[PDB]
Amino acid sequence: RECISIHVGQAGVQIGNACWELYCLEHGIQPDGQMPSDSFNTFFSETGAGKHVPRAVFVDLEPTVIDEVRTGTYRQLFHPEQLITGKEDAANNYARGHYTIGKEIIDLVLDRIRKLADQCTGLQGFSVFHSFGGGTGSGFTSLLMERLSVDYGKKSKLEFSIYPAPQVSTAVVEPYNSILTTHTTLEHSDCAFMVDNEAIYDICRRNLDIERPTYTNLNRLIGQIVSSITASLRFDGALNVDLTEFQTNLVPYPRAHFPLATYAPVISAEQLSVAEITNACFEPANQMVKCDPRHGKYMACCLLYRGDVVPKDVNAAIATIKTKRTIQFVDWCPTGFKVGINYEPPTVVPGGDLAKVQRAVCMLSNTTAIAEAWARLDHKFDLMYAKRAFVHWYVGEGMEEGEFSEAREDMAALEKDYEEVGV
Amino acid sequence: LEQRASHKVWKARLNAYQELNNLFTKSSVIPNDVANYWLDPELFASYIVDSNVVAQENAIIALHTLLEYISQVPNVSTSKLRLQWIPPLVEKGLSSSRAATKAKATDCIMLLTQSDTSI
Amino acid sequence: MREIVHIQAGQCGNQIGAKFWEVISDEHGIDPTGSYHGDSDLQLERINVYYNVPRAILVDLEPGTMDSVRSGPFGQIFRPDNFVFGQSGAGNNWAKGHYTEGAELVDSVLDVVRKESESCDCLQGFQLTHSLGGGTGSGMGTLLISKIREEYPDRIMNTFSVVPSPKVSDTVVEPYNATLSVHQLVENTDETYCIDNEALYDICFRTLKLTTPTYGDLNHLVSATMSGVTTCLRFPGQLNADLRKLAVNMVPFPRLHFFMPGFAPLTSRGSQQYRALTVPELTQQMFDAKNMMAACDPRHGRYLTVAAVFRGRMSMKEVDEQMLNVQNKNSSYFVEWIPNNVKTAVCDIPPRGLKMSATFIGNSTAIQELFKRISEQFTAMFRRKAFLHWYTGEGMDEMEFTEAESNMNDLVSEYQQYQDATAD
Ligand SMILES: Nc1nc2c(ncn2[C@@H]2O[C@H](COP(=O)(O)OP(=O)(O)OP(=O)(O)O)[C@@H](O)[C@H]2O)c(=O)[nH]1
Ligand SMILES: Nc1nc2c(ncn2[C@@H]2O[C@H](COP(=O)(O)OP(=O)(O)O)[C@@H](O)[C@H]2O)c(=O)[nH]1
Ligand SMILES: [Mg+2]
Ligand SMILES: [Mg+2]
């Protein structure tokens, strides 16, 4: 019944905090772990003393970020053995995350995962949170995913990748790191939700009304949308009740397993209808990955409503969009939109710039227009690899230069795989 | 004197290594008792780690020509030599950043390898 | 990636070195006795980087320099053991610093380096200040670097090397010494800030209108630059946080790691700055070649990578806008094949005596101009074979000069290649 979450690099770790902050508010769980109040034990385990502990591992090749976890609001929530830190970071280098530094700590990390999996009876699989451009996030994750495909091979693994964006980008080589992990993590991931930090930036500047967003701003918005996807697993809905169903509903091709997530509504803290929010799911401005689905074919599409929702309003709003817009599907797909509803209201953080809304929706749709995002990375990659720029850093940390090309071909092949489906 | 091969100033050690390198070209095949850089191989093991990159390289090329002047009979005492010598040669000769300091250290090991019965 | 070990070698090394410790001790709120009298946590957040008391080693063959440091203002703070000094001086002979006299002392220095590294939670790397036209700072410094490089290969090597210019010393052997030293730095250091005395004089003379600049006047510009480039390292911040990440986003090709630093606004020694600059004004001290600490024209080449550090309270929105502006309004000057090669970071704590400031670290191919000047002076000297008996007498071979000459010219050619490169 149980799902294990893993957080790799600052991105994973800090988005993790935002998600487990938000999970504990949605489940009425206290910062100390207590609860004055099952479906939610998919994510949490239980102590003999009435304390509810997350089924989570935090990993970073450097203390600073995870140190703030275990001296913060939720320091008591996690067991200290779950929070793992090295000393030398990967320094924005996939090679160090995967080869040089990652091998020094991979075994300790896999060991601490076994301790959480041993507590579980019918383990489903893994949720994995990590950046693309980060050295740890790219290199170590891809390594950990390889090794989880051995030590737990017969079960699911889901990604929550943070797609890079120059507005918050810390490194020049982030295209490299993105391509390198996506190549080596392609075969080992069953489904993967990309999060373009540019879209999250754009959304927070427009709909949250912030001049220069911070990471807290972006992570909170992101955690809201992650909660919307994992709500089906935490409250026992009708749709997407276990990790296999994500692949069944959204993945009709092992490789092409990258859904576009769209979330409405994002209301500043300074109500809409069911129809209004469902139209916003087909507005590009509210997507998590910047692309144009109008330029692409849908392989599948799920709608996860939560809150004050009448099942008939949904069917009206669906028929509205199925008639009054031209959402092109592939011919070999069930042309019907899958739906599920969870009547509990979207929780926000007390203090949050995001307002409590009466109802909300998160549309998960495996459109071929998301290939546009791969094209933007591949292009940036090509410019730098044309001059072998920054390549010596990678090659000097245990990586063969060939691996660059093998990865790029796998990304070129993936761009062809998206094309042939959509023609 | 020869004992200046362990003298404090570097340029006086640099002489003794060149003086030696002549000795092993210019002295006797049969070999003067003065050619006692076999029965105390700690001497050249010291010289190879000279603490001066220029006088080091000159000690290695003195060891090199010594270590081919010794392809005359009877020198079955090449076992002791490989033990004493190639660890200094590997550790700090192969290690070296200097083009010639390295090249002659490898050549030296070659000559110690073929002193042996095998590798 | 926490602690940094600092080294200063030679006269210049300990001069701009001590000046650097003066500047960042104040900024972090440390007094000469070594006690915190600040009033902010953003000051002691990353004090562990440079301090324990400085993590600084002082080196010179010239024993007099010892006292010139301790008799200075913050001279009391440095650990007595970390002073390592020879009996005689090198006398502008690179060979004496690298092969003979400087080599005799270098072991004693490595013993102290080891001692300071031994008690580090997690070392980042090293930081050496020195001049290149000297005998000690160049010859023994480069020998120290290699000796550390091989004893600590898992660490960064970061130098603040100052280039000789006839405008500051008429010694003609400096081209030899600096050429030999550049032949080392291109192979032995991950990143090197090129401080050009030619440019320091031209700034004190022409921009600051001082008819006779002293060392102190040139050293003021340097110490302020150093605190600027080390702002990311010393205060909390997302971007260019540690030495390795910086070099990762600054150095695309291992040999081309010579940064052209420059910062703004340019102030005199303790002058009054009534009018504080605006954000667009600061931003327009980047291409402004009168703010470069290296005597090069960024207009004459192309930027491979750029790091901007804005210090003070100001609009992060406006800085982003101005930087995004100045990049695309000069798009032909930034290399196209490295996307998002310019990176900007802000620190709220301004430098001493200024309300706002901005430092501009750039890997610009124009730096080839600097290496051109050094090589032409070297070749003019070397073709007439002047003063060679100094170097050869100390165990050097005439061949070495040819190799260093050729190797610097390869370095110039490489910069010229990537300048003329195209994305197409
Ligand atoms: N949305 C979001 N993005 C983040 C967050 N933290 C980092 N990022 C992004 O992730 C990318 C890589 O940064 P990190 O994840 O911190 O790198 P890392 O995984 O710690 O790897 P190393 O630091 O190199 O060892 C950058 O482009 C950031 O913009 C976060 O909390 N939220
Ligand atoms: N900027 C600056 N340059 C200096 C200073 N002292 C010496 N130099 C320069 O360094 C070179 C002389 O080397 P120096 O460091 O004095 O010799 P060393 O003691 O053997 O390292 C010349 O190019 C000088 O112009 C100083 O205090 N500041
Ligand atoms: Mg990190
Ligand atoms: Mg001096």
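Residues numbered from 1 in each chain as written, not as in the entry; some residues may be left out. Chains lettered and ligands numbered in written order. Part of a larger assembly, values for the part shown. Heavy atoms only, no water. Residues with missing side-chain atoms left out of burial classes, pairs and counts.

Method of determination, as given in the entry header: X-ray crystallography; reported resolution: 3.6000 Å.

### Examining the overall build of chain B
In terms of regular secondary structure, chain B is built from five helices and zero strands. Secondary structure elements of chain B occur, N-terminal to C-terminal, as α-α-α-α-α. Against the globule reference of 14 Å for 119 residues, chain B gives a C-alpha radius of gyration of 13 Å, in line with a compact fold. Along the longest, intermediate and shortest principal axes, the C-alpha atoms of chain B span 35 × 30 × 20 Å. Approximately 6800 Å² of chain B is accessible, and the part contributed by carbon and sulfur atoms is 56%. (Helix = DSSP H or I, 4+ residues; strand = E, 2+ residues; numbered from the N terminus. Rg over C-alpha atoms; globule rule 2.2 N^0.38 Å. Areas by Shrake-Rupley, 256 points an atom, 1.4 Å probe, with all protein chains shown as cover.)

### Observations regarding the pairing of strand β1 (residues 3-9) of chain C
All names here are of chain C. Within β1, seven of the seven residues are buried, which leaves it mostly tucked inside the rest of the structure. Every second residue of β1 is oriented toward a common face, with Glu3, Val5, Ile7 and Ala9 on one face and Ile4, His6 and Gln8 on the other, all of them buried. Where β1 lies against strand β4 (residues 123-131), six bridges are found, and the strand directions are parallel. Looking at β4, one finds that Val5 is bridged to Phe126. (Buried < 20%, exposed > 50% of the residue type's maximum accessible area, 1.4 Å probe, protein only. Pairing = 2+ DSSP bridges.)

### Describing the UniProt feature "binding site: Mg(2+)" in chain A
UniProt's feature table lists "binding site: Mg(2+)" at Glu62 of chain A, given in the numbering used throughout. Excluding residues within four positions of it along the chain, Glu62 of chain A makes contact with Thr85, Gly86, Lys87 and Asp89 of chain A. (UniProt positions renumbered as here; feature names shortened; annotations may be inferred. Contact = heavy atoms within 4.5 Å.)

### With respect to the state of the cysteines
A covalent bond between the sulfur atoms of two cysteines is what we call a disulfide. Considering all chains together, one arrives at zero disulfides over all chains under this definition. Free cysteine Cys204 of chain C: the closest other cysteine sulfur is in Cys12 of chain C, separated by 14 Å. (Disulfide = S-S within 2.5 Å.)

### Brief notes about the side chain of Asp60 of chain A
On the secondary structure map, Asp60 of chain A appears in strand β4 (residues 56-60). It turns out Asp60 of chain A is buried and unbridged, and the closest side chain with the opposite charge, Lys245 of chain C, is 7.9 Å from it. When near neighbours in sequence (up to four residues on either side) are disregarded, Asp60 of chain A contacts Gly9, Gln10, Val65, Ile66, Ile84, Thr85, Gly86 and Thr136 of chain A. (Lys, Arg positive; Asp, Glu negative; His and termini not counted. Salt bridge = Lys/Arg side-chain N within 4 Å of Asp/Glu carboxyl O.)

### Details of the domain arrangement of chain A
Residues and elements named next belong to chain A. Domain boundaries assigned for chain A yield domain 1 (1-259), domain 2 (260-369) and domain 3 (370-423). Measuring from the centre of the C-alpha atoms in domain 1 to the corresponding centre in domain 3 gives 24 Å. Roughly 2700 Å² is buried in total at the junction of domain 1 and domain 3, and carbon and sulfur atoms are behind 68% of that figure. It is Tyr176, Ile179 and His183 that lose the most area in domain 1 upon contact with domain 3, and together they represent 27% of the buried surface on that side. (Domains from an automatic or database assignment. Buried area = accessible area lost by both parts, 1.4 Å probe.)

### Some words on the site of ligand 1
Around ligand 1, the structure places 23 residues, and the nearest of them are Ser131, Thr136, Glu174, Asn197 and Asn219 of chain A. Residues within reach of ligand 1 are spread across chains A and C. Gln14 of chain A places a side-chain nitrogen or oxygen 3.4 Å from an oxygen atom of ligand 1. Protein contacts shield 98% of the accessible area of ligand 1, which totals 640 Å² for the unbound molecule. Among the elements of the structure, α1 (9-26), α5 (135-151) and α8 (215-234) of chain A are those that each provide at least two residues to the shell around ligand 1. For the shell around ligand 1, the leading source of residues is α1 of chain A, giving five residues. (Near = heavy atom within 4 Å. Polar contact = N/O pair within 3.5 Å; in protein donor to acceptor, adjacent residues only side chain to side chain.)

### Re the interface of chain B and chain C
With seven residues of chain B at the contact, the number on the chain C side is six residues. Both faces combined, the contact of chain B with chain C buries some 460 Å², and carbon together with sulfur accounts for 51% of it. The three residues of chain B that bury the most area against chain C are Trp10, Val53 and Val54 of chain B, which together make up 62% of that side's buried surface. Remark: the boundary between chain B and chain C carries zero salt bridges. In this assembly, chain B and chain C are joined by zero residue pairs in polar contact. Taken together, the elements giving at least two residues each to the side of chain B that touches chain C come down to α1 (10-26) and α3 (53-69) of chain B. Considering only residue class, the side of chain B that touches chain C consists of three nonpolar, two polar and two charged. (Nonpolar A, V, L, I, M, F, W, Y, C, P; charged D, E, K, R; others polar.)

### Structural notes on the packing of helix α7 (residues 174-188) of chain C against helix α14 (residues 368-383) of chain C
Residue and element names in this part refer to chain C. Following both chains from N to C, one finds α7 and α14 inclined at 125°, their axes separated by 9 Å at the closest point. Taken together, the axis directions place α7 and α14 in an arrangement best described as oblique. Crossing of α7 over α14 shows left-handed handedness. The segment α7 lies against α14, with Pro175, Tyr176, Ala178, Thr179 and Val182 engaging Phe371, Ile374, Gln377, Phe378, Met381 and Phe382. (Axes fitted to C-alpha atoms, helices over the stretch in contact; angles between N-to-C directions. Parallel < 35°, antiparallel > 145°, perpendicular 65-115°, else oblique. Left-handed = near helix turned anticlockwise from the far one by under 90°.)

### Re the nonpolar core
In terms of nonpolar packing, the biggest core is built from 161 residues, with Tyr176 and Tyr394 of chain A touching the most fellow members. Judged by nonpolar contacts, the second largest core, of 57 residues, contains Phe40, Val168, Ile203 and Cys204 of chain A. (Core = buried A, V, L, I, M, F, W, Y, C linked by side-chain atoms within 4.5 Å.)

### Structural notes on the sheet that holds strand β11 (residues 357-364) of chain C
Residue and element names in this part refer to chain C. Ordered in space as β8-β11-β9-β10, the four strands form an open sheet in which the pairing is mixed. Looking at which strands have only one partner, the edges of the open sheet turn out to be β8 (263-264) and β10 (342-347). Contacts between helix α9 (residues 215-229) and the sheet are confined to β8, β9 (303-311) and β11, with β11 contributing the most and set at about 85° to the helix.

### A few points about the interface of chain A and chain C
Listed per partner, the contact involves 26 residues of chain A and 31 residues of chain C. For the side of chain A that touches chain C, the secondary-structure elements that each account for two or more residues are α12 (371-386) and α13 (391-395) of chain A. Residues of the side of chain A that touches chain C, tallied by class, amount to twelve nonpolar, five polar and nine charged.

### Considerations on the site of ligand 2
All names here are of chain C. The full set close to ligand 2 counts 15 residues, and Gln11, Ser131, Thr136, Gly137 and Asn219 are the nearest of them. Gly134 places a polar main-chain atom, nitrogen or oxygen, 3.3 Å from an oxygen atom of ligand 2. Side-chain polar atom of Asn219 to a nitrogen atom of ligand 2: 2.6 Å apart, as the coordinates give it. For ligand 2, the protein covers 93% of the area, taking 570 Å² as the surface of the free molecule.

### With respect to the side chain of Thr170 of chain A
Along the polypeptide, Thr170 of chain A turns up in the loop between β7 (156-163) and α6 (174-184). Leave out the neighbours within four places in its chain, and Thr170 of chain A touches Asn92 and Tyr215 of chain A together with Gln238, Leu239, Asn249 and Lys343 of chain C.

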